Amino acid sequence: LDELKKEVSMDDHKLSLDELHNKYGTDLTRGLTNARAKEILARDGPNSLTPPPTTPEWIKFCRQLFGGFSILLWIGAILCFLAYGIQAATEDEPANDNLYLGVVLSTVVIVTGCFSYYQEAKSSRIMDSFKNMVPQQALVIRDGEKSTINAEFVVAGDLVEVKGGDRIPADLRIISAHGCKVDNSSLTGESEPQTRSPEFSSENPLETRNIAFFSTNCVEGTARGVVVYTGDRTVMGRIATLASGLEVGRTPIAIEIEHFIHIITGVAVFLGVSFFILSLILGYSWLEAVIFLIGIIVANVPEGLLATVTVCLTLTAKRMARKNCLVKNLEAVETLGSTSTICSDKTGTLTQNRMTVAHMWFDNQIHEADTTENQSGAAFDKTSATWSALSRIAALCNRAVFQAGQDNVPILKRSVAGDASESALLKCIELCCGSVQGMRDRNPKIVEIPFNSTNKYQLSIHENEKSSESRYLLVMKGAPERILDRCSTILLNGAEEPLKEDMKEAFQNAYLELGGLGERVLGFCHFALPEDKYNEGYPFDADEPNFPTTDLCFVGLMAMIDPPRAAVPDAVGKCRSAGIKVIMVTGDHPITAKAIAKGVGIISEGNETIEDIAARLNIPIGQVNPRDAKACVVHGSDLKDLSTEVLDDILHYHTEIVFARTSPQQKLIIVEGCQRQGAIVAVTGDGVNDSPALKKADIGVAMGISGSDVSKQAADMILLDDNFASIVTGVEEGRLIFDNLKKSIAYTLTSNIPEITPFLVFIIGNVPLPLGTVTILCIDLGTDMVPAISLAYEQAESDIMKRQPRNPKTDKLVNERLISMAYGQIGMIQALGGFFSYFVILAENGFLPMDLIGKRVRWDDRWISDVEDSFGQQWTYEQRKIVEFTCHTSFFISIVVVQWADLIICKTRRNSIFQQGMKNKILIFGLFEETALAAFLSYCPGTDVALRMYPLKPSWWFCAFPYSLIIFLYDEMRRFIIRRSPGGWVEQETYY
Amino acid sequence: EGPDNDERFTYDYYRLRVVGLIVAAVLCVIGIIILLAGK
Amino acid sequence: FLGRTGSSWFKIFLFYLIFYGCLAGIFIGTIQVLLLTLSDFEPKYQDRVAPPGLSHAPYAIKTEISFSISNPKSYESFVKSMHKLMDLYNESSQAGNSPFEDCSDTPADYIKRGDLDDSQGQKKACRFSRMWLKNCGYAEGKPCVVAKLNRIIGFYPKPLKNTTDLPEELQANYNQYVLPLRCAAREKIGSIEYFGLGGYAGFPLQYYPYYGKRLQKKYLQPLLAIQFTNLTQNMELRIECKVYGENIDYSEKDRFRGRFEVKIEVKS
Ligand SMILES: *[C@@H]1O[C@H](CO)[C@@H](O[C@@H]2O[C@H](CO)[C@@H](O)[C@H](O)[C@H]2NC(C)=O)[C@H](O)[C@H]1NC(C)=O
Ligand SMILES: CC(C)CCC[C@@H](C)[C@H]1CC[C@H]2[C@@H]3CC=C4C[C@@H](O)CC[C@]4(C)[C@H]3CC[C@]12C
Ligand SMILES: *[C@@H]1O[C@H](CO)[C@@H](O)[C@H](O)[C@H]1NC(C)=O
Ligand SMILES: [K+]
Ligand SMILES: [Mg+2]
Ligand SMILES: [Tl+]
Ligand SMILES: [Tl+]
């Protein structure tokens, strides 16, 4: 469906003005007829974007109500009402058991539904942001007259007019223009104004001057044009549809959840029906056969687990909110940890998005300035008298000014009225020479010639601030070579000197080096005009050369670029040390893209492209073995004629990849290419041209300050302070939460065994029921909750940023090793500790373990109010039941006591508690509150009716203590083996 | 005692409950103290 | 295979065999020590049987014994259980001076055979003739229910003293030696008739205290036969038999705590 939109567009900028009118039945001068425009409206439809059909929240909520655990809990809830129905008909049961348990279980499903619904959130308003880029109104020429109309009423063929400050209402063929410049950052991510004129200037319509696009704005001048595309058919309207239309897809974390749901659901249905038939064979009435099944359901399903996961995710997202990293989708909290490839935009993401002075060439020396936002570098020069001469030209031969009321904000961050290069120079001098306004007050400008297309230079004449002179100084800047052809002397370390071929060659060298760094280079020179030839009232003519512009003194060079953000180089290296592949994907030109790649460490030192090898060896590129080149730089124009299989080969064959001059669909294609190889991919960006890529990414991260509204709609995560170091933190947090989820899951599952085994022995042994159904819910929904959550606050056991990204095909959240430990080893020890306390309670009340076998028949018989114990005493029905429920209560408390040790062992997968310590305060809180809850549930009056919880005698609490301790020792010995031999036996069997 | 051994079939479940609830409360307070050591 | 190789499948079996073996051996060990802390003659706790329960022979479907006099197999169900109990009180079962003893044919005081020790043989229990149960196949019309006080080791059932007012106000009040049992329903549409030891409507105190199964096997607890020769027919009559005493109490939950709940209906 969207495969059409993933392709490069076709256009009609090649046609003549006249020819273009024939195609759209239009007038170049009079414009369309009121009738013809209305006709075309009904024909083509409105100049608007329609949002894609969404899934209502209704269906979204209910889709969770049927995912494995909820299905089993539904079967339980209904099976409760089943047994209740069968009762209400047969023998009038005045009880509330099956009825209430059926109500409780149905509530558990609904509430669990809210948790998973909260986790599976999708806040997407892509198409809405795009719609915000179409103006409310447009100016059209109809019947030879200009009028403002609803922009939706704009059709292909009419004559539209735009001027500085307004949004392009539709894709236009420029037919007339006067000084028109446009901001195409929507399509390129670059905000430098692009001229628009009627002349065709490139085969590529996205590069030609005679096309203006919807989603962009006119920055200055005026233009008229013929509408060629409207609504969804515009270049960026298609990007809108592509972006808004892209299928979301399941996250890595989501896939893991479903996976263990299958496992646990599997064992649940297995043991469920495996013992349902095992009971009927033993001659159990279907009346009972279902009651046992309900218990089996409740025992096997970890009722509180899915909600635990959600809370652990939420708490991890809260910590990241506190580092200026907003998470829109709870699952995106983990994806960053599983990320193996980052596709990053350059401008406004890796870079500050601001022309900044990078180097200066004066005194036959290359000086480097500090490009960082917060200025974390050092000085270059202050002493040289040459510097002050260059500094003066940079301030004086400059027409840029700071906007009013910025004195509060830092120099480099403040808004400037002017072109990017003049702003850069302004901020450079203001920083290291103080107030520039002061320099422009001490040296009043009397005449100037602003930068001309033809002159290729800008000159200014000022009254020298010096009192002993107060004469006229000439300054000029422009193209380095043009400035050179106008110089005779060079200000070396203070004093001038003739411009010999020697210094002239050093100039060329300096010029070539700076240009090689992808930096824009300017020349600077001045000339102190002779006093006798220029009186204090001498008039200078700016129109006609009234003053010399030759034999001037060359002062120096200055170079500039849109530099990396301070934290970016280090963040890139850190991603790469964690084994994450970092690719650059930018709408910017290749020379600039490549230079920043080396600056931030995308391309490491020494690595070459095929073009680099060819130039170094002075040989044809076809003569170069492409396998000798680990780095590559792909232009979008070449990308366009490559198949995906060939794109896949590029991705496979290079470690250091730069995709430059890419369109928005091309970014999507590169992302998909990476994913196709089985990689989890993150995208980082800030422009509307990142929207499709951000949507398709497993996780999209947008910049918060510099980011466009669209990009932040398309993302899963926002960096609110533009701190790229947050990606590094995000991946670290993502890995940590992945491990801690394992700990929390194992902990929760472990207590399933002591809830399953009592029901089994109840059938096979014919003893009184050791633990009840209600009692199980008091564990999974009550006591285990805070402890399970607390594992989310566990510190790393080792340097997680030192390991490679997990293999999502092999490294699962829940594997066989977890089940073996939780179900086969620790849970089994917990089961016994439960049974022990059960036998203790009964034996101390007169029913010794031996006489318990095959007694349930008489025990449950409501009409036998005289059962004989081991000592020959006789018990009524309600009397023995009180002891039985007291057994449920102590078995319950036994679970809590054995979960103490389990909580401590689940703390660490490898390390010892004596190494990791007990610095998790939430965990300790869990221990205290868990025990408080259990005690309250046993001793609070009335709980014997609502939950069948009975007061325990002090000695009862200590039954499971020896089992709780064996768990601690056992797991500590086991992990001691793991560490002592990384070989594999204990490791490959039990290492979560 | 002999025929007056009524205490043999008696248990102070009332005191046990009072003590049990005291303990539960104090464990609840102790927990808050340790948690609130930083919030 | 599914998971691993044969070598791995073996090792996982050798482990869980030794592992579960140890766990079973430990579990058994903790059961040993538990038993080691317990007496053979007396249970550690008795507060959960404390107030004695009162149970009868007619096995009630739901605290009810409804049947038809004009039908044979209508009551043959209740006669099965009635027979089961009384069959134990046979004279052929009580033979010789061992381990039985002839005790007062009239309600007497308690009998202490020492302590709960094995320092003596089987503590000798009082004989009880089912022949003390006058009038009661059994009552084919108007049932002859048999009451019973639940056995508790070392329990001395103490009758109420005639200090103040009483339900069966002072009638045949053998204050010193009889634990009374008065059945009731207002709703007085019956005819209560009690049979027992010495002809009294109670339990003779000479059968106490019970020394337990280990120290007193073949021991016989006193019975109290109750006959309802009611002149009514074809209606549910809620009859409650209550025992009175210093050590006797009741509960709204446990409807068998020192009392009966019988729903007789001679629907004939
Ligand atoms: C306990 O006493 C009952 C009294 O009914 C015995 O029942 C006797 O059963 C036999 C054989 O079935 C009959 O011939 C008699 O008529 C019954 N009564 C008597 C008085 O002998 C019963 O057998 C006795 N049980 C034991 C174990 O001795
Ligand atoms: C109540 C009692 C009788 C039930 C005992 C169940 C035992 C036999 C179960 C419980 C947990 C189970 C193990 C759980 C995990 C694994 C790892 C997997 O890669 C192979 C199977 C294996 C090794 C299972 C084998 C059987 C097992 C040990
Ligand atoms: C009980 O049986 C005796 C004979 O043993 C008889 O005289 C008497 O009438 C019976 N009593 C009643 C109330 O039927
Ligand atoms: K995404
Ligand atoms: Mg950008
Ligand atoms: Tl469970
Ligand atoms: Tl659990």
# chains A, B, ... in the order shown; residues from 1 in each chain; ligands from 1
>>> select_by_dssp(residues="chain B", states="alpha helix (DSSP H)", output="PyMOL selection string")
chain B and resi 13-35
>>> residues_around(residues="segment 2-13 of chain C", least_positions_apart="2", cutoff="12 Å", atoms="only C-alpha atoms", output="list in words")
residues 815, 816, 817, 820, 824, 825, 984, 985, 986, 988, 989 and 990 of chain A; 15, 16, 17, 18, 19, 20 and 21 of chain C
>>> residues_near_ligand(ligand="ligand 7", cutoff="6 Å", atoms="only C-alpha atoms and all ligand atoms", output="PyMOL selection string")
chain A and resi 302+748-749+751-752+780
>>> select_by_dssp(residues="segment 171-226 of chain C", states="strand (DSSP E or B)", output="list in words")
residues 178, 179, 180, 181, 182, 183, 184, 192, 193, 194, 195, 202, 203, 204, 210, 223, 224, 225 and 226 of chain C
>>> residues_near_ligand(ligand="ligand 3", cutoff="10 Å", atoms="only C-alpha atoms and all ligand atoms", output="number ranges by chain")
C: 134-136, 139, 142, 191-193, 227-229
>>> closest_residue(among="C:247, C:106, C:71, C:206", to="chain B", atoms="only C-alpha atoms")
C:247
